[PDB]
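**Q** Protein chains in written order, with PDB author numbering: chain F, 175 to 264, 266 to 273; chain E, -1 to 263, 267 to 379, 384 to 471; chain E', -1 to 263, 267 to 379, 384 to 471; chain D, 1 to 75. A prime marks a further copy of an entry chain. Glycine residues also receive a C-beta, built at the ideal position from the N, C-alpha and C atoms.
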Amino acid sequence: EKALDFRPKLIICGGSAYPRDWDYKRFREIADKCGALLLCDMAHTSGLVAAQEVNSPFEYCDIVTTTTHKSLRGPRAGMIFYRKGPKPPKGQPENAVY
Amino acid sequence: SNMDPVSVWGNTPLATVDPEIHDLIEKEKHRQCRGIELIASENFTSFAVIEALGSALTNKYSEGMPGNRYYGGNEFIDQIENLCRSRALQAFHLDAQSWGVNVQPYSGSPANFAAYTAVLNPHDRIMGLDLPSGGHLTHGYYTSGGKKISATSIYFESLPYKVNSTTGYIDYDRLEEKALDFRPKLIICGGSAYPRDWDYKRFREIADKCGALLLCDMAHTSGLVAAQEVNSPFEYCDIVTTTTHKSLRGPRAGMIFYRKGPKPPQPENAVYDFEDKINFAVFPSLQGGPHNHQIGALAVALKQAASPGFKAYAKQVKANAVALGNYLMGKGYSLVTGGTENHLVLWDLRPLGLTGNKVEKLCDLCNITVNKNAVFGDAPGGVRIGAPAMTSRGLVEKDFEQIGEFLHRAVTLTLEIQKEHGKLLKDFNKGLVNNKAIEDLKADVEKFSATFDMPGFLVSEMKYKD
Amino acid sequence: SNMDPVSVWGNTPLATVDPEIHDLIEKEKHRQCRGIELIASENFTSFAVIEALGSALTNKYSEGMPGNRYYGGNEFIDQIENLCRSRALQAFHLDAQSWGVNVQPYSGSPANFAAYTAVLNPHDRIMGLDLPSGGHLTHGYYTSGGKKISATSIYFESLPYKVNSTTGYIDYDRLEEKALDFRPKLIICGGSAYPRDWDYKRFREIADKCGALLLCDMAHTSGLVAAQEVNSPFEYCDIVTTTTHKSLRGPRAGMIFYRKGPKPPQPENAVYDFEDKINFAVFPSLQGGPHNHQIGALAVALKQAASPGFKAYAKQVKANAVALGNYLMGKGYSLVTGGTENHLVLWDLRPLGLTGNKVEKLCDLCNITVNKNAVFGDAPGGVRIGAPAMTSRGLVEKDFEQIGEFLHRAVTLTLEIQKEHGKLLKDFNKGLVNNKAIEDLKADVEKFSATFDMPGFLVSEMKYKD
Amino acid sequence: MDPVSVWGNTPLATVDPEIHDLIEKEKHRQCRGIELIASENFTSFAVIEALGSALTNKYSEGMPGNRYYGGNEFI
Ligand SMILES: Cc1ncc(COP(=O)(O)O)c(CNCC(=O)O)c1O
Ligand SMILES: Cc1ncc(COP(=O)(O)O)c(CNCC(=O)O)c1O
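#1: Which bits of chain F does residue 140 of chain E rub up against, with CB to CB less than 8 Å?
#2: Which of helix, strand or coil does DSSP assign to residue 69 of chain D?
#3: Tell me whether residue 134 of chain E, by its Cβ, gets closer than 6 Å to a heavy atom of ligand 2.
#4: Rounded to a whole number of angstroms, what is the C-alpha to C-alpha distance between residue 258 of chain F and residue 212 of chain F?
#5: Return the residue from the list E':337, E':436, E':66 and E':445 that minimises the CA-CA distance to residue 166 of chain E'.
#6: Does the stretch 335 to 350 of chain E touch the stretch 386 to 393 of chain E, meaning 3 or more C-beta pairs lie closer than 8 Å?
#7: Which residues does DSSP list as the beta-bridge partners of residue 168 of chain E'?
#8: For residue 187 of chain E, which residues in the same chain have their Cβ closer than 6 Å to its Cβ, ignoring the five residues on either side in sequence?
#9: To which residues of the same chain is residue 145 of chain E' closer than 8 Å at the C-beta, ignoring the five residues directly before and after it?
#10: For residue 371 of chain E' and residue 459 of chain E, which I take to be in contact (beta-carbon distance under 8 Å), what is that distance rounded to the nearest angstrom?
#11: Mind checking the stretch 341 to 367 of chain E against chain D and listing, in chain order, the residues whose C-beta falls within less than 8 Å of any C-beta there?
#12: Any contact between the stretch 66 to 80 of chain E' and the stretch 280 to 296 of chain E'? By contact I mean 3 or more CB pairs, one from each, below 8 Å.
#13: Can you tell me the Cα-Cα spacing of residue 85 of chain E' and residue 44 of chain E', whole angstroms?
#14: Return the first residue and the last residue of the beta strand (DSSP E) that residue 239 of chain E' is part of.
#15: How close, in whole Å, do the beta carbons of residue 388 of chain E and residue 373 of chain E come, if the pair is a contact with beta carbons under 8 Å?
#16: Have a look at E':451, E':385, E':317 and E':102 and flag the residue whose alpha-carbon is nearest the alpha-carbon of residue 405 of chain E'.
#17: Of all the CB atoms in chain D, is at least one closer than 7 Å to the CB of residue 330 of chain E?
#18: Between residue 9 of chain D and chain E, is the shortest Cβ-Cβ distance under 7 Å, so that the two count as touching?
#19: Could you tell me which chain F residues have their CB closer than 9 Å to the CB of residue 310 of chain E, listed as they occur along the chain?
#20: Can a CB atom of chain D be found closer than 7 Å to the CB of residue 166 of chain E?
#21: Flag residue 215 of chain E' as yes when its Cβ comes closer than 6 Å to any non-hydrogen atom of ligand 1, and as no otherwise.
#22: Considering residue 201 of chain F, what are the terminal residues of the alpha helix (DSSP H) in which it resides?
#23: Kindly list, in the order they appear in chain E, the residues whose Cβ is closer than 7 Å to that of residue 209 of chain F.
#24: Quick one: residues in its chain with C-beta nearer than 6 Å to the C-beta of residue 205 of chain E, no 5 flanking neighbours on either side, listed in chain order?
#25: What runs of the alpha helix (DSSP H), each 4 residues or longer, lie entirely inside the stretch 50 to 124 of chain E'?
#26: Taking a Cβ distance cut-off of 8 Å, strictly less, list which residues of the stretch 53 to 79 of chain E are near chain E', in chain order.
#27: Is there a Cβ of chain E sitting closer than 7 Å to that of residue 22 of chain E', yes or no?
#28: Of all the options E:358, E:351, E:333 and E:424, which has the alpha carbon lying nearest to the alpha carbon of residue 16 of chain D?
#29: If I follow the unbroken beta strand (DSSP E) through residue 252 of chain E, where does it start and stop?
#30: Quick check: is any heavy atom of ligand 2 less than 6 Å from the C-beta of residue 241 of chain E?
#31: Under 7 Å, do residue 50 of chain E and residue 252 of chain E count as touching if we go by C-beta distance?
#32: To the nearest angstrom, how far is the alpha carbon of residue 10 of chain E from that of residue 471 of chain E'?
#33: Should residue 137 of chain E' go down as buried or exposed, given a rule of 16 or more other Cβ atoms within 10 Å for buried?
#34: Run down chain D in chain order and give the residues with a C-beta less than 7 Å from the C-beta of residue 132 of chain E.
#35: Of all the residues that make up the stretch 213 to 229 of chain E, which are near chain D by a beta-carbon distance shorter than 7 Å?
#36: Apart from the five residues just before and just after residue 415 of chain E', which ones in its own chain have a Cβ nearer than 8 Å to its Cβ?
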């Protein structure tokens, strides 16, 4: 409801103190309905994501950002993952690419 | 090789200088007294207003405020503007120690945008009534696709609030919740197709809780406000904007009212700082020279609005809208909120399976002018209908019931044409060509309208009398 | 308890409805024909324009474009607007396949701001002529202290360009250098106190080199442009805005011209995309309903401007400005650029040790209306003087030399009063009370002005004939 | 759901033309004939207005002051 009212260009999912997994499919559904990009900040659960122990944001998000020093157990740094190549089928022109 | 003499180019009447524009105006004068004018933002103003509007006042440049002008020749312009300002305050029963007014806005949309410029920075947050809920373009409008339509939404960050989906009244609780989330610097109240009064007290409570300025755009009901026939926004709002041509029955112009003096209990004995910001926003920020013929005509309209006849006019407008609304409901038509507390009715046509487009088109052909209008959760689904213009021609309740019957016939015809030719506009249009029933209704409308008086010009002197 | 009858409130003349505003207008009509009106942005328009301005056209709401309106009743409004648009194109000798025009702007400042809204995003960069170099507020203005005054500088990022400090002409080379540094999306040309013609060809070269749109605001000289008496901005500019009340001699209104069709050699057969953006910026982005009485009056003014008499008027305006300028220089007065190529002269008073404030004040008291005006490297140091208004009353070169002599007497008096009472305004004012010489000059001015004809009303019918 | 006014505030003549017609015919029978039934009378319009009124919407079991539930201030 707030997304359809506010019309964000970008919806962020992921958090710092949320003890449950995320329904990225529903986030994708909401983002598609309102016309937004969808970004996951998986900083906290990046290690669990890499180990395939929580839902993967990559299946539904356009961009995935993370730190490297929390559950990923690396140095202090950041990474930005982004989709490349042809866009999946969507009022979208054929041959559309990321 | 020589200039035309002043008498040839400058003193000759319009009928001779420009027969083609003179003819077109006479045709428009005839259209105005031979149809039923139900556009809720229209009115028929007085001859005295039109005489001041069309006067030498158009020749004078006078940038600035009276007493603080950028150049001279303003001895009389200053008195006319000072008179307009003082009559504005009197017509709305305002103490000059508590309220000031700027009467230079060219129209209502410039008035609103100058108010925003005065008290907001670019990209500051604003909320106003959503357009499908009865709000106005200048209160903010962007599409589902994110296209920013209103300049309000281009230069500020707007978020609409809506009516309650069950009742059609403002949803005050959802507005409070949204204002606390969004944190607007400015909340706008008033609208263009809302048929109920406003709880300005509750708007002030929401604005105080979230830290917002509160502005009312009373353009549509300004005449009812001046006559004290609806709630007064001045009791609770920091700023009040308005047009002057709708229910106020004046020229096309705008005004900005603003509070002065002590603020309610912030530092002690803190005072409002609107006056200088608002005057400066109008000039030199946004406008150039005032349109002094509009200001003089507006001063006339504000004198007329302060009269006992105008108080009776405003009562009659309300009574006419109610009488028309009740007539339509009696025929099984659906009104938004099931009635009206002001000058308009909002007629939801979706229960009939009709669009606003078809009903507006069909009785435009019968000389009945309404406007298709969005309705909640909408190809507009309704039509908006106003009483101010026909009330100004002298009509009363039973005349507005006859207007109800003409509308009942028109929508009956619309249903028949849609049933026989189809719902696509291309197909629906087939039923509009050489339709005896349309011609019949148009003839009935024109005979009805011709019986009434007409302000602003003499029907006895007009070129097209047939 | 009853409404006033339509004849009482709605058909009674202004003289009876509002004697106080009627009296003030008659006094302003008298001031207009008993003084010397040298405000360069003023004119005296025709009775035919005033009759259309003051007409039933004020009653019609018509949001949208003709043929694409939001509601009905617009059969005749559409023809009047379509006629206005076509006459606008004809008066400026424009091919309709290459140029379109929007005639709804309320005034020149709304016209400019709508043009910016059409083609720029918020905070896009703009350059226009600096105010002390003769530019206009709407072209951008912020103070030394950084305060953003113009709405152009509030909502966009403006940077001024200046005249050459030696010659007073536009410094085209420094503008090119600045445009390449600042990289504006929009460069504005035209101004309000620049006394020379514009090299639009060079502006197009600078705009092409830096990638900018090019817009001319021809408000002041529009009438000279239509008469082909100055360079045409249309040869080189993407967009042309204007007011219609200054040298064009029309109502107070604005217009936006824009290119259509193929662009000059970018993709092949690429075309201009201004029309839809400009129409949409005017409505629904910024304005509400058009002021249809202004549009009809403007259509009249555009017919009059297309006449051989108007071409002769525009020549005479130029000849009158030159004759006045030459008279003043002969008395040892300093003009900016040492002359004029258009309708105004800019008189630099600093060599005399005088301010614009004193000279404007003193001959306002003698019924001579000028405006103090900033001059390069400035308490404005000069006065601006225009020929359009008095030329419209029929004056020719030797009448403008008499006007020169009245100004020579006024500035002589100003010097004497400043010498005898002092330079501080408080002290200078002491010499303005019961000054026989001022009274004498005022009497001479009034006898001079009373001999000339007056457009727009009949001096034979006015209330104050003495 | 219909809009309230469409079903709830429209007149009998259009909601139910057959019943409206039958009542109109019975009103006509009542004043074109000689009604000599000793147990019949013609009551007043004032009585009929109170009879067809919002009072029909109120349940008020029990007695004034001694009711089974609330809302009976005016009943
Ligand atoms: C060049 C120019 N452009 C636009 C405007 C604005 O016109 P409006 O007042 O209609 O908004 C002016 C007014 N200039 C007034 C003067 O120079 O005296 C102007 O000089
Ligand atoms: C509430 C409101 N505010 C401002 C305006 C703008 O007025 P101008 O056209 O003078 O700019 C309108 C116009 N509303 C037109 C209508 O509802 O039909 C309005 O309805």
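**A** Once the coordinates are examined:
#1: 181
#2: coil
#3: yes
#4: 14 Å
#5: E':337
#6: yes
#7: E':161
#8: 196, 201 and 214
#9: none
#10: Rounded, the Cβ-Cβ distance is 45 Å, inconsistent with contact.
#11: 349 and 352
#12: yes
#13: 17 Å
#14: 237 to 241
#15: 6 Å
#16: E':317
#17: yes
#18: yes
#19: Near residue 310 of chain E there are no residues of chain F at all, since even the closest Cβ is about 45 Å away, more than 9 Å.
#20: no
#21: yes
#22: 198 to 208
#23: 143 and 144
#24: 185 and 212
#25: 73 to 89 and 106 to 117
#26: 53, 54, 55, 56, 57, 58, 59, 68, 69, 70, 71, 73, 74, 75, 77 and 78
#27: yes
#28: E:333
#29: 252 to 257
#30: yes
#31: no
#32: 24 Å
#33: buried
#34: Within 7 Å Cβ-Cβ: nothing; residue 132 of chain E doesn't reach chain D, min ~17 Å.
#35: none
#36: 360, 363, 364, 367, 369 and 446
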